[PDB]
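One chain comes next, on its own, written out as structure tokens in the form deposited in one PDB entry.
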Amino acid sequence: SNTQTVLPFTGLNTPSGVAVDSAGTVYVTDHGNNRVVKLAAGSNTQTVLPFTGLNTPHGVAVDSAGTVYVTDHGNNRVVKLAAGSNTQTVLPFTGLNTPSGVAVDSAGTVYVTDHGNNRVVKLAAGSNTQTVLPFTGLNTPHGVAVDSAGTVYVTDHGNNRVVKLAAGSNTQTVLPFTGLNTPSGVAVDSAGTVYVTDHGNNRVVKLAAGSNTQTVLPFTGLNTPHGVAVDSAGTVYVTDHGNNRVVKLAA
């Protein structure tokens, strides 16, 4: 599409993460206001999720049941809220330092970019002890995403690259993105297309599987975009952080 839509969130300040569930509900981390807000598809009014004690929250993810996972970055913790629940759960990660991105796979495993420790950790559903993914040489990583085979994608923000790690592998792969001037958000769709937000170039780029064709999505007027999400219809959502808005663009 060459039509982008500003979602009717209101009063955002320096928003970071965005996520979209199978029903089309959109969640955004309104980082500068210490809140997480959501818009149901077609809804006119945003609602603040009843998280408690959030401080400069960053990443957000949502699973198939509508559970919302948020990196409570200012508190070095990750919290989740089941749909309809008023009582958040603090996930039992340990030793986090300014965590950023969060993702959740089909098995309910939660992946967190432990940005301040240059590592990515994961926590299986029902487990109380995280594992460290064997990425190497990361520097201030930001976003994280996971596909259906369990392959994990991380934006290695400080090294201006996007790297991926298959489940059970020791060798990470640098993806053939070009001209990145520091990446932030990442997402992956069912076709294996990888989407990245490019901070210094104020743009969202996607990488087609196999061909490795890179295309700049025709968003316009972006200013320091942060989070990116993609829904089942292929529509791309970006947190336009510098402009305090969330924008979407159909394929």
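Here, rigid core means the biggest group of C-alpha atoms that superpose within 1.5 Å across both forms. The first residue of the shown sequence is 1; numbering continues from there. Shifts are known only where both forms have a C-alpha.
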{"query": "Stretch with the greater mean C-alpha B-factor as recorded in the entry, comparing 32 to 40 against 178 to 186", "finding": "178 to 186"}
{"query": "216 to 224 versus 42 to 50 - greater average Cα B-factor per the deposited record", "finding": "42 to 50"}
{"query": "C-alpha B-factor winner, where the candidates are 205, 61, 209, 26", "finding": "209"}
{"query": "Deposited CA B-factor, highest of 173, 169, 130, 75", "finding": "169"}
{"query": "Record-listed C-alpha B factor of residue 56: chain third", "finding": "middle"}
{"query": "Chain-wide C-alpha B factor ranking for residue 14, given as lowest, middle or highest third", "finding": "middle"}
{"query": "For residue 65, the third of its chain into which the C-alpha B factor falls", "finding": "highest"}
{"query": "Chain third (lowest, middle, highest) by recorded CA B-factor, residue given as residue 165", "finding": "lowest"}
{"query": "Residue 110 - Cα temperature factor, lowest/middle/highest third of chain", "finding": "lowest"}
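There is also a form deposited in another entry; it is not shown, and the following applies to it.
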| item | value |
| --- | --- |
| Shifted position (C-alpha, 2 Å or more, core held fixed) between this form and the one not shown, chosen from 169, 97, 94, 131 | 169 |
| Threshold 2 Å Cα movement between this form and the one not shown at residue 216, rigid core reference | no |
| Regions of at least 3 residues displaced between this form and the one not shown by 2 angstroms or more (CA, core superposed) | 168 to 171, 209 to 212 |
